[PDB]
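Form deposited in one PDB entry, single chain, as structure tokens, below.
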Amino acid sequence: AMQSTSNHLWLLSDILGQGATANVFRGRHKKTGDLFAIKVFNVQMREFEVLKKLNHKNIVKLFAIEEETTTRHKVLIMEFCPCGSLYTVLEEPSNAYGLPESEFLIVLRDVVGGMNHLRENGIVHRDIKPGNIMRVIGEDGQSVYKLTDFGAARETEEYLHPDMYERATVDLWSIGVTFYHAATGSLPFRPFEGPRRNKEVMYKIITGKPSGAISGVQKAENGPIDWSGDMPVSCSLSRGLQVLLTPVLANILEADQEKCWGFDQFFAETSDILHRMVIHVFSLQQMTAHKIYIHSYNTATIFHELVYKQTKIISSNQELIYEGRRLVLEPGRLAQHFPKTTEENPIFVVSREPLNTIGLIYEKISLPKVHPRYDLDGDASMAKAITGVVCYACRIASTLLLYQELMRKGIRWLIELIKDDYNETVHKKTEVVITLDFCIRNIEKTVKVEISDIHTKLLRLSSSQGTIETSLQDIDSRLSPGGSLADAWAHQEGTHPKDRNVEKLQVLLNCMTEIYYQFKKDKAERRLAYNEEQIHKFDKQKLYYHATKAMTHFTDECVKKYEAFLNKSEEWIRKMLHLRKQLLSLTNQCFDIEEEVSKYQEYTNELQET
């Protein structure tokens, strides 16, 4: 069967949504064949017309309105979103523990712009949720998010207000729940098992929320509630974004609506975050990657303060390396004039004073046990959770490999940087002995024409200078490829891209995703055949074997060699800082000596009787 209008037609199997006042399917155009969303509604045209006049990038554009053939049902033709809704995107195991940062900033940008455009024209939306946010591919390949379903008539639950759960600011609540869900991959207020079951406990978590906290989870049967005003360790965003995002959520999820943040200050603080640029920085001594969110007009002084807040490194000790060479940021240089940085090519921050080692902080997760009981909904949910765990193992393994590669590149540049400091001091020593060993014979040039006070002390300069000479060659001996500061252990420890460990985990991940997606098809068709049933259980045992092999290769290879590379890197960090301290001493001694040679080059020239 298929219904139609004057210009469109649509089957019934291609159904996307159904209500009591309208029914939404996908359909074509009789004259063009393009795909459109069709809301067959099953006076009121007043608000339909003013909604038809809208035109914004982040709004599902309501095209036209027509009449159906059989019944004169007033239908609405809308824009079709093949990629689905944000709720659909948050169910792919790649986003099980949070969206990527670039996609998260896209969501925050399009949602805020769409809501501002609705308040600007005076349209209210009660339940803003990931289901009401659609995804459409833009002309530049990047996702574009559009709003829909704002205006209906009736007769979710986890996104309601404490005033409303007993059955704008009230809508800003569902925004904070949506943004926490998109950033963490999970709901902020989770009772034990489904919130639909412990609906009475949900009211306890919402109204009894302490100020400043954003999360509350009950991890046991009738147990307690773990509160936190901080993002979980499994969050996909960087700490530079979490520090700017957390106060927004904490002050828009405020219980008493008298102290909600308000949309005006909300739109201002969000636009402040979106107008910022990102600068990738990598702490070589701490082995940590960072993303500094700074405005295009701030100075390098504020940049050093943000690096301090992420690393506890005093701005007076921050020394920067970029593309092999030094990087001196003037205290007034604007941020938009810095060198452009990526995750693969960041700015390296190092301090002359010793720093502790951290590495990568991730939450150790195990595999959940698979239930041999045949259950379409149970195995579909189990497959989703276990595939998201392997996705998390893929992301951590790729991050560990990037850390090791950035350590290898940063260490190489640091050694070639110390080499330049060495060749600078030798150039200065050779610049001052050219007058020391010269003026000492200028003295004896006058002797053959008391004075021993100069000689018996000037010889104490070359005495204290040859000690620097043998101390410089000892420093150079460590910079030799066989010295104590070798560069080969980085090529011997840890994992390399030629190992292709990330590709092996992604291959097992694609097999698990194929099985999970087939389980997603099985859950819909609530009954399977005998042969399809055996295939379902065969692939479930294959899910266990796939994830077991993935976790085994991850811990017994990716993690183990990473810990060995990091542990061997800490002793090289200590020895490197020891060499920089000695070289700085041998450097300043040449300066304190060159002022004495300049002091005695003129004392030997007395006044003459002329």
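We call the rigid core whatever largest set of C-alpha positions still superposes within 1.5 Å between the two forms. When you see a residue number, it is the position in the sequence shown, counting from 1.
K.L.:
Quick check on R167: across the other compared entries (only those modelling residues on both sides), is it unmodelled in a third or more?
P.N.:
Yes, left without coordinates in at least a third.
K.L.:
How many residues sit between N42 and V43 in the deposited sequence but have no coordinates: none, 1 to 3, 4 to 9, or 10 or more?
P.N.:
4 to 9 residues are missing.
K.L.:
Which class fits the unmodelled deposited stretch between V449 and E450: none, 1 to 3, 4 to 9, or 10 or more?
P.N.:
The entry has a long gap there, with 10 or more residues left out between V449 and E450.
K.L.:
Return whichever of 47 to 55 and 576 to 584 has the greater mean Cα B factor according to the PDB record.
P.N.:
That would be 47 to 55.
K.L.:
Quick one: higher average CA temperature factor, 89 to 97 or 430 to 438?
P.N.:
The stretch with the larger mean CA B-factor is 430 to 438.
K.L.:
From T246, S143, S283, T470, can you pick the one with the highest C-alpha B factor in the entry?
P.N.:
Highest C-alpha B-factor among the listed residues goes to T470.
K.L.:
Report the option among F348, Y165, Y516, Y392 whose CA atom has the maximum B-factor in the deposited record.
P.N.:
Among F348, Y165, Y516, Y392, the PDB entry lists the largest C-alpha B-factor for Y165.
K.L.:
Just say lowest, middle or highest third for the CA B-factor of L401 relative to the other modelled residues in its chain.
P.N.:
It falls in the bottom third of the chain.
K.L.:
What third of its chain, lowest, middle or highest, does the C-alpha temperature factor of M231 fall into?
P.N.:
As the PDB entry reports it, the C-alpha B-factor of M231 lands in the middle third of its chain.
K.L.:
With respect to C-alpha B-factor, does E503 fall in the lowest, middle or highest third of the chain as deposited?
P.N.:
Lowest third - that is where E503 ends up once the chain's C-alpha B-factors are sorted.
K.L.:
Consider only the C-alpha atoms of the modelled residues in this chain, order them by B-factor as the entry records it, and name the third containing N132: lowest, middle or highest.
P.N.:
For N132, the deposited C-alpha B-factor lands in the middle third.
K.L.:
According to the PDB entry, is the CA B factor of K537 in the bottom, middle or top third of its chain, that is, lowest, middle or highest?
P.N.:
Its C-alpha B-factor, which the entry lists for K537, ranks in the middle third among residues of this chain.
Below, we turn to the form deposited in another entry, even though it does not appear here.
K.L.:
Of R196, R500, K204, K309, which is the single residue whose C-alpha shifts by 2 angstroms or more between this form and the one not shown after core superposition?
P.N.:
Per the superposition, the moving residue is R196.
K.L.:
Superposing on the rigid core, I want to see if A22 changes position between this form and the one not shown - specifically a Cα shift of 2 Å or more.
P.N.:
Moves: yes, 2 Å or greater.
K.L.:
Given that the distance between the C-alpha atoms of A182 and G19 changes by 3 Å or more in that other deposited form, do they end up closer or farther than here?
P.N.:
Closer is correct, given that in that other deposited form the C-alpha spacing of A182 to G19 is reduced by at least 3 Å.
K.L.:
Once you compare with this form, do the C-alpha atoms of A20 and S85 lie closer or farther in that other deposited form, given a change of 3 Å or more?
P.N.:
It is closer: in that other deposited form, the C-alpha atoms of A20 and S85 lie at least 3 Å nearer than they do here.
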